[PDB]
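Presented as C-alpha cells, the chain that follows is alone, the form deposited in one PDB entry.
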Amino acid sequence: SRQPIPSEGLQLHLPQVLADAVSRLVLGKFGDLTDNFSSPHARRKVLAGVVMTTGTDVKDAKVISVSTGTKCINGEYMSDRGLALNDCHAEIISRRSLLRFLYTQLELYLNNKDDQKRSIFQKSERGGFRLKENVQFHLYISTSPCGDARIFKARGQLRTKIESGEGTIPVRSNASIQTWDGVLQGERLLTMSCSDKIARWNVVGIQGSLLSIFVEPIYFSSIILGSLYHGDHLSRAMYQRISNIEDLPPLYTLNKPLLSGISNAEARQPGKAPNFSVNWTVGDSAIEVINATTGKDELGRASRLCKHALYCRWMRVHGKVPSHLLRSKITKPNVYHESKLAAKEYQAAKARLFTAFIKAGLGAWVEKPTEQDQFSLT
C-alpha cells in the first residue's frame, strides 16, 4: 500500500526519484519565500505546490507554485463580484496559482517572436494552443487530500467541506442545491472536498473553463503525497471511482497520473491550524497571505487568485488572440458566468463528470450559488 502506482499514461521519470525531487523542491521554495521558514507565515499544517518538468532530466524541474492552507470561506463573506477566495485548502490554491503561470505563458507566446521561444505553448493544428512536447506538471501535497483519499462513509463517495467544520461530510442521498439567500441566512456553505476536486481535474483538466477557450486540456502527470500515502485508496479517489465515465468531448480523457509517497514522510503535527493561506507563483516577488474566513487579505484586498483577478488576466489574453485562433467562439466577453459557458466542450466534459459520479452511486456534485459568477469587469 506504500508502493507508487504507475501512471496509466506517460511516465518519463523514475517514480520515487521524481516524488522526492518535487517534494524537496516545493519545501525549498517555501523556505526561500518565508525567509528560511522564519516568517510568521511559515507556520503551516498543509503545504502544497506544483512543479513543472521538461523532457527527461529531473534537474530541469521548476517550481511553479507553492501554497498552504486548510480552510474555506465563511458563507456570509461570499462575494458576488468575484473578489473573495472560496476555498483556501493548499492544493486548491496551488492550482489557481498554476493558472496565473499559464496566463503568463500564453502572453509570452503572444508577445513577440523572442518571448515566444520561452513559452511552454505551441500552436495547435486543431486551433488555439497546446503544450510543447514532454512539458509536465506535478502536484505535491504534504498529506492526503481531504475527502475520499483521507477518510479511509462509502468508498469513492463525494464529500464536502462544511463552513467552520473540521474534516468533510458525505454528500446527501438527495442532491443538495445551495442558494445565495439560504447561505446568507445561515445554511452552512458546502465546498467539494479536495479528493473530489482533483478527480474533477483528472477529467476536465487543471486549466479550468476560461483557459480552455485558448488551450487544449492540461492534466497533472503526478500526484505526490508527503504523508498518509495509501496507493489503493488514493487511486480510487483520484480516478478509478469514475472509470464509468463516457462520451467525453474531443481531447478530454480520464487522466491517471503517477501516484507516489516520498522517501521521508512527514508526521501529523499538534497545534491549531492557521486561519491563513499563503500563495506564490513563479515570477512573483513574494507570497500573498489570505485570510481563509474572508477569502481576502488582512487589509480586505482581493487576492491575485480571485475570480475577478483571473478574469482580468483572461480578458487581457482575449484581446491578443486573433478570433480565428480561439478554440471556442466568444465575440464580446462580458459576464464571467457567460464567458465560462462559451467553453462548450469543457462544459460538456464537466457534465459527463457529474453524470459519472451520479451513475457510480457516489452522489451529486454540489455547486455554488450562480450569483458568485454574475459579474463583469469595469
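Heads up: residue numbers just count along the shown sequence, starting at 1. Only residues modelled in both forms are compared. Only the largest set of C-alpha atoms that superpose within 1.5 Å between the two forms is called the rigid core.
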| said: Does at least a third of the other compared PDB entries (those resolving both flanking residues) leave residue 186 without coordinates? | reply: yes
| message | I want to check something about residue 224: across the other compared entries that model its neighbours, is it left unbuilt in at least a third? | response | no
| note | Unresolved deposited positions lying between residue 152 and residue 153 come to 10 or more
| Comparing 127-135 with 141-149, the one whose average Cα B-factor in the PDB entry is higher | 127-135
| query | Looking only at CA atoms, which has the higher mean B factor in the entry: 278-286 or 172-180? | reply | 172-180
| request: Could you say which of 304, 81, 197, 95 has its CA atom at the highest B factor, as listed in the PDB entry? | output: 81
| message | Between 48, 309, 348, 315, which one tops the list for Cα B-factor in this entry? | response | 315
| Would the CA B-factor of residue 14 place it in the lowest, middle or highest third of its chain? | highest
| task | Give the position of residue 122 by CA B-factor within its chain, expressed as the lowest, middle or highest third. | result | highest
| said: By the recorded C-alpha temperature factor, relative to the other modelled residues in its chain, which third is residue 38 in? | reply: middle
| Lowest, middle or highest third of the chain for the C-alpha temperature factor of residue 330? | highest
| request: Taking the chain's C-alpha temperature factors as the reference, tell me which third residue 104 falls into: lowest, middle or highest. | output: middle
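One more form of this protein should be noted, the form deposited in another entry, which is absent from this view; the next part is about it.
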| Can you tell which of 269, 264, 112, 285 moves its Cα by 2 Å or more between this form and the one not shown, with the two forms laid on the rigid core? | 269
| query | Has the Cα of residue 341 moved 2 Å or more between this form and the one not shown, judged after a core fit? | reply | no
| said: Superposing on the rigid core, is the Cα displacement of residue 175 between this form and the one not shown 2 Å or more? | reply: yes
| query | Core aligned, does the CA of residue 11 move at least 2 Å between this form and the one not shown? | reply | yes
| Did residue 9 and residue 245 drift closer or farther in the other form, going by a CA distance change of 3 angstroms or more? | farther
| query | With a C-alpha distance change of 3 Å or more, do residue 49 and residue 9 lie closer or farther in the other form? | reply | farther
| field | Regions shifting between this form and the one not shown, defined as 3+ consecutive residues whose CA atoms all move 2 Å or more relative to the core | value | 8-11, 164-167, 172-175, 267-270, 330-333
